[PDB]
Amino acid sequence: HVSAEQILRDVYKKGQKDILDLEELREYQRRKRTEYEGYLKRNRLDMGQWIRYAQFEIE
RNA sequence: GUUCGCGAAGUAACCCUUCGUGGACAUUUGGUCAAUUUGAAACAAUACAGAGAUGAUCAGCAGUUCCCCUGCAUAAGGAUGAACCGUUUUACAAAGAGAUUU
Ligand SMILES: [Mg+2]
Ligand SMILES: [Mg+2]
């Protein structure tokens, strides 16, 4: 039987569906810092991004 | 080189030369910069696509940015010039209940 809730359950179920040396580490680091410094040069605010980027440098 | 002397020598006679000699005049340019590759413009060609809020096709104005280009520009253009679309955990406590230990 067809109702709107069963349509939206169908839509929800539809849309729901190796560092080995130091140079690979430096590339991972350079790429991630370009990411975070980009999203912080654009939005100077948003302290949560600052805490995540600081936790990244802790890791 | 010029000029004022001061001596000698040639003719001298008060001039004119050769020569030595004291003074005067005139007195510090240019480089931030070496002459083809190795101290720094850049575009353009072959290949792929064929422009944002869309169900489709479009008008735009902004904003933020350690991106700028054309412009005489504080005007206006550059796809509304473009990038924007991701990753997301703790100022962490109170009352009650069920098991372990003392
Ligand atoms: Mg714009
Ligand atoms: Mg504009």
# chains A, B, ... in the order shown; residues from 1 in each chain; ligands from 1

$ interface_residues --of "chain B" --to "chain A" --cutoff "10 Å" --atoms "only C-alpha atoms (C1' of nucleotides)" --output "list in words"
residues 64, 65, 66, 83, 84, 86, 87 and 88 of chain B

$ select_by_dssp --residues "chain A" --states "alpha helix (DSSP H)" --output "VMD selection string"
chain A and resid 4 to 16 22 to 42 47 to 58

$ closest_residue --among "A:20, A:58, A:53, A:9" --to "residue 32 in chain A" --atoms "only C-alpha atoms"
A:53

$ atom_distance --atom1 "CA of residue 16 in chain A" --atom2 "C1' of residue 89 in chain B"
22.4 Å

$ residues_near_ligand --ligand "ligand 1" --cutoff "10 Å" --atoms "only C-alpha atoms (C1' of nucleotides) and all ligand atoms" --output "list in words"
residues 61, 62, 63, 79, 80, 81 and 82 of chain B

$ write_last_selection --atoms "C-alpha atoms (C1' of nucleotides)" --output "PDB file, in the first residue's frame"
ATOM      1  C1'   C B  61      23.424  42.660  -7.290  1.00  0.00           C
ATOM      2  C1'   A B  62      26.356  41.670  -3.035  1.00  0.00           C
ATOM      3  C1'   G B  63      29.493  39.120   0.932  1.00  0.00           C
ATOM      4  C1'   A B  79      30.623  32.774 -16.046  1.00  0.00           C
ATOM      5  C1'   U B  80      26.337  36.893 -10.613  1.00  0.00           C
ATOM      6  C1'   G B  81      35.233  37.125 -12.455  1.00  0.00           C
ATOM      7  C1'   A B  82      36.520  32.919  -9.564  1.00  0.00           C
TER       8        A B  82
END

$ atom_distance --atom1 "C1' of residue 10 in chain B" --atom2 "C1' of residue 22 in chain B"
25.5 Å

$ atom_distance --atom1 "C1' of residue 91 in chain B" --atom2 "CA of residue 37 in chain A"
26.7 Å

$ residues_around --residues "residue 23 in chain B" --least-positions-apart "6" --cutoff "12 Å" --atoms "only C-alpha atoms (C1' of nucleotides)" --output "ChimeraX atom specification"
/B:3-6
